[PDB]
Ligand SMILES: Nc1ncnc2c1ncn2[C@@H]1O[C@H](CSCC[C@H](N)C(=O)O)[C@@H](O)[C@H]1O
Ligand SMILES: Cc1cc(C)c(S(=O)(=O)O)c(C)c1
């Protein structure tokens, strides 16, 4: 049962820390994997507020998708014409992502790119990213990692760039391990260490949530300011 898979996942993470992730991937305990992007992402992009960003897209607009897993989101942004990097801690995940998207034109062209990278450790390219998409990443991090997460986000997103955060699961007081209950407030506190580094341009309830996501998810768009 999936409740067992979560319980086991919390065990490995308690024992092996961040290394538990590649373990979980190769052992096949991946109860988060949904096979596809979350509908809110597509709807936002196809919406007019989102169309604004994609027409602002420069020739080499770069997208980072941290904790990308099998990389559905990365592959989505690549299909929009963005040079896109999907990065997961787990080389298994990165291998399973290259299989899953093996037939993607963007994988062949290089637009889409999957790499085993530690979000906290890798070398932020000097150009920085025009767009970062965080889904089921922030909520995977133990609470003591949210400030580094926000700190990293500040260096990763070029000024005037965009950070999209599908904030999920908004589950209230639930004290469980991964996935942690989060809310916009917890994201805001991490990102701004009010108004210091980001502008929250857009904070909405998606009209198109997955059914198990309904009432537990908000899409928030953040602009990087100097
Ligand atoms: N420091 C870190 N850097 C990069 N990826 C990490 C990471 N810590 C955990 N992860 C990865 O984030 C994922 C947690 S769940 C995968 C969720 C994925 N975004 C999806 O929509 O399916 C795991 O794949 C885990 O390996
Ligand atoms: C990191 C992580 C882990 C789990 C178990 C889940 S899920 O069970 O709610 O699908 C999600 C969404 C993210």
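Tell me what the chain gives for mean residue ellipticity at 222 nm when only DSSP H runs of n ≥ 4 count, each as -39,500 (n - 2.57), the sum divided by the residue total, rounded to 500 deg cm²/dmol.
-10500 deg cm²/dmol
Provide, in order from the shortest bin, the percent of all Cα-Cα pairs of segment 153-226 in each 10 Å bin, continuing until the bin that contains the maximum pair distance.
Final binned percentages: 19, 47, 29, 5.
Express in whole angstrom the spacing between the alpha-carbon centres of segment 160-186 and segment 2-79.
14
Only bridges with both residues in the chain count here: give the DSSP antiparallel percent, nearest 5.
40
Can you give the % of DSSP beta bridges in segment 94-221 that are antiparallel, to the nearest 5?
Taking every DSSP beta bridge with both residues in segment 94-221, the antiparallel ones total about 55 percent.
Once you treat every alpha carbon in the chain as an equal point and sum by Debye, what is log10 I(q)/I(0) at q = 0.17, 0.18 Å⁻¹?
-1.36, -1.56
All of the numbers you see were taken from the coordinates with simple rules; none came from a lab.
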